[PDB]
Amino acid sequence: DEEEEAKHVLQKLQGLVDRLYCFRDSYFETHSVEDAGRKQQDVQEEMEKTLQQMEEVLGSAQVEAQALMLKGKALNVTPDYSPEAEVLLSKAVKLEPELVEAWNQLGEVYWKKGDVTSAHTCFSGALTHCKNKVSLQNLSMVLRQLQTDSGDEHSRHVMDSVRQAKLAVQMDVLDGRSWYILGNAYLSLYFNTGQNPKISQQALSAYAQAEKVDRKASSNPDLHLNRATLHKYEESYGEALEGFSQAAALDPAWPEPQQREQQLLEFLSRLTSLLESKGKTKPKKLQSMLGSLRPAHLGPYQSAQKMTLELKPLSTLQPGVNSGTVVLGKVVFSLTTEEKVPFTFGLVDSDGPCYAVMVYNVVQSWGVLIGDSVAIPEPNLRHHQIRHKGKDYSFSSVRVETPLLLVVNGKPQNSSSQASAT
């Protein structure tokens, strides 16, 4: 009778915790996004109600490993680090070292505590007992975030993050959390290895696959934010702004997406003002600057093969890469960004409108000054027309993938100006 009783007690405990996690995981299936502000408090109070029921189920009965685990899991339902969960789960894994779910929960608890190393030990440890989706997901997450004094180590961890996320996805391709995690792994890979647009496409495609297979992924504020950060870097500015805004709506107490949205709007306002005013430069000063241009400022060209480029006005450029062409103008202003990339400046090569130039893959100290001549080979031109929350931003830009493509005052740029190795 004691055995059946203990099993019945465990099943009741399991149910309580499963329902608590479904309450949280499904919150936006049963609540509107207008109620997003209430989610954390509702989840906190469900947890407390759940722990109370668990305690009534247990009474003074002996607490076996699975019961310790289930209570710690319940305590770990919120974003907050729980010292009680840590104690309970640390005991569970001593009483049952093969209990994978206790190791995964204990790793998540360590992660919330800010102890990434211990988290990683837990997820790795779990995988020495059984291959399982949650350990692979968590391991992917922790790997892209391990701190290391070595750049090569970090690149290996980023690559490993993708590997583990792919293993997680393959165990269950209908799990939207796995796709989201893979998205994040690709996102880090993209930024670690010189921004190969194929890899950003793989990130975007993973996030889209998350939302496709699992409605819950559309309510993941981190998915919206992370995708928006990618859109921002690739200059899909409207989509970035919508992404930050959607992430903010899904978690109104979370500052980051609101701060990101504010910063990008501030960047776009400053940029368009400075373009329209040509850096607040009077016609006299512009004519002076434009007259200081010469033949030698064309400088260098090789396409990594020898090429002679035709000097053409910015106004004559087509959208996309303009093959066979070079532009040469004067810098009328510059604009920096919290993240230090891209370096942005305004360029004029006539009485016509000023164009923005965004230079990616640049070191912090790199730049061009007001009055510099700049030549850009085969400029990649884009026209921007952004409409967000009743405000419009329109302007045209040249996206320069690396400062090593630029000629400043007739001089090519040294290899040290580029952030990733060449």
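When you see a residue number, it is the position in the sequence shown, counting from 1.
Q: Do any residues of the deposited sequence lie unmodelled between residue 300 and residue 301, and which range holds their number: none, 1 to 3, 4 to 9, or 10 or more?
A: Missing residues, residue 300 to residue 301: 4 to 9.
Q: Is there a break between residue 304 and residue 305, and how many deposited residues does it span: none, 1 to 3, 4 to 9, or 10 or more?
A: Gap size class: 1 to 3 residues without coordinates, per the record.
Q: If you average the CA temperature factors as listed in the entry, which stretch comes out higher, 28-36 or 377-385?
A: Between 377-385 and 28-36, it is 28-36.
Q: Test of understanding: from the entry's C-alpha B-factors, which stretch has the higher mean, 146-154 or 159-167?
A: Between 159-167 and 146-154, it is 146-154 that shows the higher mean C-alpha B-factor.
Q: So if I compare the CA B-factors in the entry for 370, 358, 54, 43, which one is the largest?
A: Result of the comparison over 370, 358, 54, 43: 370.
Q: Between 178, 104, 229, 277, where does the Cα B-factor run highest in the record?
A: Answer for 178, 104, 229, 277: 277, with the highest C-alpha B-factor.
Q: Relative to the other modelled residues in the chain, which third contains the C-alpha temperature factor of residue 263: lowest, middle or highest?
A: Middle third - that is where residue 263 ends up once the chain's C-alpha B-factors are sorted.
Q: How does the C-alpha B factor of residue 347 compare with the rest of the chain: lowest, middle or highest third?
A: As the PDB entry reports it, the C-alpha B-factor of residue 347 lands in the middle third of its chain.
Q: Going by the CA temperature factor in the PDB record, which third of the chain does residue 404 belong to: lowest, middle or highest?
A: Middle third by C-alpha B-factor.
Q: Could you place residue 97 in the lowest, middle or highest third of its chain by Cα temperature factor, using the values in the record?
A: Middle third by C-alpha B-factor.
Q: What third of the chain does residue 128 rank in for C-alpha temperature factor, lowest, middle or highest?
A: Middle third by C-alpha B-factor.
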